[PDB]
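What follows is the residue order along each chain.
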Amino acid sequence: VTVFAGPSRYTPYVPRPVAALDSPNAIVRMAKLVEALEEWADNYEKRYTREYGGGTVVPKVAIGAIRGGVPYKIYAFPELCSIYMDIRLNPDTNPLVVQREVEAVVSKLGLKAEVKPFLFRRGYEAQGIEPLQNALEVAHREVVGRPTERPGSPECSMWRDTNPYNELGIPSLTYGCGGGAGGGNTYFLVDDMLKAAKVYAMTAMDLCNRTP
Amino acid sequence: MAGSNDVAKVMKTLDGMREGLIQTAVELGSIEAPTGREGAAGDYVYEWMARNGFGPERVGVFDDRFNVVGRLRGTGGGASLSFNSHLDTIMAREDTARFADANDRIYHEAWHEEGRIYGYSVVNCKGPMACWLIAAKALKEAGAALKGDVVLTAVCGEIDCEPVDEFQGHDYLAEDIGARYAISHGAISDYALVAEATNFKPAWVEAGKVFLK
Ligand SMILES: N[C@@]1(O)CC=C([N+](=O)[O-])C=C1C(=O)O
Ligand SMILES: [Zn+2]
C-alpha cells in the first residue's frame, strides 16, 4: 500500500501547520492510514473467522514493513510512502475482495493510494482426509493415551505445506509434538519427540497397508 | 572604491561575454552531477579554469569527487575574495523514493531558449557559478587592477545528503568533503561570496542542523 502526497520541499520550506491527512509528507499521511488499517484488521479477523471440519480459521492481518524516503537523503520529505501487509485468507475468500476492502479504508480517509498485491496463495481444507485422519487417530490414542483435541485456531490459520499437497489432490494434515514457534515455544521434550516418532511409524504401518 | 572607470571597461567586457555566459551555463548545466557523482562537472570546471589561465587545482578527498580551486592573482596588499558555488545537483539517476515525478526534462537537462536558460541544475547551482566564472574572466581580460587575489572555488557535495546506518563512505558523503575541505586545504581568503539563486538578496546568517534517527 503506497500513499501519495507531496509536493516535497526542502526542510526550510516545509509548510506548517498542516492537518495530518493533508500533510504533503507521505509519511505523515501513512501514519493516519496505519491507524485506520489497524482498526480494519481488528474486525477483519472477526468477520472472516470460519469453522471447518479441519479446524477453525481465524485469518489475521499484520503490517510487516514500512518504508518511505531513503535514510541517506532526508533533507526533503518524500511524496510517497509504502507499507507491506500480511493478510491471511480463509480458504473461501478471494484476494480481490480483500484488496477492495483495503482500498475502501483508503478512500474513506480521503487518501490517494496504490494497493498492489504482490503475493497470493490459497489455503485448503483437506478432502478425503479420513483414511489418514483415522490411522493417525488410532496411533495417537495408542501412543499418547487420549483422543486428539481440535487444534487451536492459529495452527489452523497459517501457512503450512499441507496447502500444496491438498492443492495437488493429496489429502494432507499437519501433526507433531511441541507448542508452536510462531507462538512461540523454544524447546521440545525428548519424550514428546519419541511419542511423535512412534505415532508417525504407526500411522504408516496402518495407512500404508490399506489398499488405495 | 571601486576604482575609477576601470569599472566601465570591465562592464563592457562583460557585455561582450554574453554568449560565453550562456554557453558555460548550458554546458555545465547539461552535465549529470547528482551529489555522489560530481566528478564530471568538476572536470569541466577544471578545464574551463585551465583554458582561461586561473591555474586550477583539484582539491578532493576522492579522485572522482573533488573541489576545484583557481585564482586570479592580485598585485599585492589587498583583501582576497573567494567566489563559491557548488558542483552537485539534486536529482540522481532515479530518486523515485523522494519524488513521484523523478524524471522530467527540467530535472535533468539545461538549454538556452528566448533569453532564458532552463534547468534545475542551472538554478542550483551551475548558473550562479557561470556568473562568477565569467566575472573573473572579464576581470582578467580587462586587465582590472586588483591588489588582492580573487579565489575561484567550485565545490563538490554541498547538498544535504549524509551517510547513516549501512550507507557509508564515498557514495553518500557530501559536505564533509566539499567547501570546508577545500578551504581547510588552501582555498582561504579574507572574504567569501557564495553564489546561489537569491534574487539579488544577500543573506549572511544560515541555519545549522541536527539529524536524529
Ligand atoms: N509457518 C512457519 O514455519 C513460518 C514462520 C513462522 N514464524 O513467523 O515464526 C512460524 C511457522 C510455524 O508455525 O512453525
Ligand atoms: Zn545550492
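Residues numbered from 1 in each chain as written, not as in the entry; some residues may be left out. Chains lettered and ligands numbered in written order. Part of a larger assembly, values for the part shown. Heavy atoms only, no water.

Method-wise, the PDB entry is recorded as coming from X-ray crystallography, at a reported resolution of 2.200 Å.

Caption draft 1: Representation of the UniProt feature "active site" in chain B in the model. Residue and element names in this part refer to chain B. The positions UniProt marks with the feature "active site" are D88 and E158. Spanning 71 residues, the named residues form one tight spatial group whose C-alpha atoms are at most 6.6 Å apart. Look at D88 and you get buried, because its relative accessible area is 0%. Apart from residues no more than four positions distant in its own chain, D88 is found in contact with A33, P34, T35, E38, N124, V155, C156, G157, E158 and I159. Within the structure, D88 has its side chain in polar contact with the side chain of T35 (distance 2.8 Å). Inspection of the secondary structure puts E158 in the loop between β6 (150-155) and α6 (179-184). With residues up to four places along the chain from it excluded, the contact list for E158 reads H86, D88, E175 and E196. (UniProt positions renumbered as here; feature names shortened; annotations may be inferred. Buried < 20%, exposed > 50% of the residue type's maximum accessible area, 1.4 Å probe, protein only. Contact = heavy atoms within 4.5 Å. Polar contact = N/O pair within 3.5 Å; in protein donor to acceptor, adjacent residues only side chain to side chain. Helix = DSSP H or I, 4+ residues; strand = E, 2+ residues; numbered from the N terminus.)

Caption draft 2: Spatial organisation of helix α2 (residues 18-30) of chain B. All names here are of chain B. With 13 residues, α2 extends 18 Å between its outermost C-alpha atoms, agreeing within 8% with the 18 Å of an ideal straight helix rising 1.5 Å per residue. Those residues of α2 not exposed but buried are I22, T24, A25, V26, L28 and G29. Contact partners of the buried residues in α2: α3 (39-51), β4 (111-113), β5 (116-118) and α5 (120-142). (Expected span 1.5 Å × (residues − 1).)

Caption draft 3: Fine view of the sheet that holds strand β6 (residues 113-114) of chain A. Residue and element names in this part refer to chain A. The 4 strands are arranged β4-β5-β1-β6 in an open sheet whose pairing can be described as antiparallel. Each having just a single partner strand, β4 (61-68) and β6 make up the two edges of the open sheet. As paired strands, strand β1 (residues 2-4) and β6 are joined by 2 bridges and run antiparallel to one another. Bridged to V3 within β6 is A113. (Pairing = 2+ DSSP bridges.)

Caption draft 4: Molecular detail of the pattern of salt bridges. Taken as a whole and assessed by the stated rule, the structure comprises 19 salt bridges over all chains. Among the ionic pairs, A:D86 bridges to A:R88, the shortest N-O distance being 2.7 Å. The class of A:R88 is partly exposed, set by a relative accessible area of 31%. If you follow the salt bridges from partner to partner, you end up with A:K73, B:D95 and B:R98 in one network. (Salt bridge = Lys/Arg side-chain N within 4 Å of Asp/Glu carboxyl O.)

Caption draft 5: Highlighting the interface of chain B and chain A. Counting residues at the interface gives 17 residues for chain B, matched by 12 residues for chain A. Carbon and sulfur atoms supply 64% of the area buried between chain B and chain A, which totals about 1,400 Å² over both sides. Taken as a group, B:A97, B:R98 and B:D160 account for 39% of the area that chain B buries against chain A, more than any other trio of residues on that side. The interface formed by chain B and chain A contains 1 salt bridge. Here A:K73 ties to B:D95 by a salt bridge, and the two come within 3.3 Å at their closest N and O atoms. Taken together, the links from chain B to chain A amount to 6 residue pairs in polar contact. (Buried area = accessible area lost by both parts, 1.4 Å probe.)

Caption draft 6: Representation of the packing of helix α1 (residues 26-47) of chain A against helix α2 (residues 95-108) of chain A. All names here are of chain A. As a packed pair, α1 and α2 sit with axes 10 Å apart at the nearest point and diverge in direction by 140 degrees. Crossing handedness for the pair α1 and α2: right-handed. In this structure, α1 contributes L33, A36, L37, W40, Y44 and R47 to the contact, and α2 contributes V98, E101, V102, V105 and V106. A breakdown of the residues in the contact of α1 with α2 according to their chemical character gives 9 nonpolar, no polar and 2 charged. (Axes fitted to C-alpha atoms, helices over the stretch in contact; angles between N-to-C directions. Left-handed = near helix turned anticlockwise from the far one by under 90°. Nonpolar A, V, L, I, M, F, W, Y, C, P; charged D, E, K, R; others polar.)

Caption draft 7: Layout of the packing of aromatic side chains. Residues and elements named next belong to chain A. This structure, assessed with the given rule, holds 12 aromatic pairs over all chains. Both rings, one in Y175 and one in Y200, keep their centres 6.3 Å apart while their planes meet at 75 degrees; by these two values the pair is edge-to-face. Residue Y175 is located in the loop between α4 (162-167) and α5 (190-207), and its partner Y200 is located in helix α5; the two are separated by 25 residues in the primary sequence. We classify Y175 as partly exposed; its relative accessible area is 25%. (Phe/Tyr/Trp six-rings, centres within 6.5 Å; stacked < 30°, edge-to-face > 60°.)

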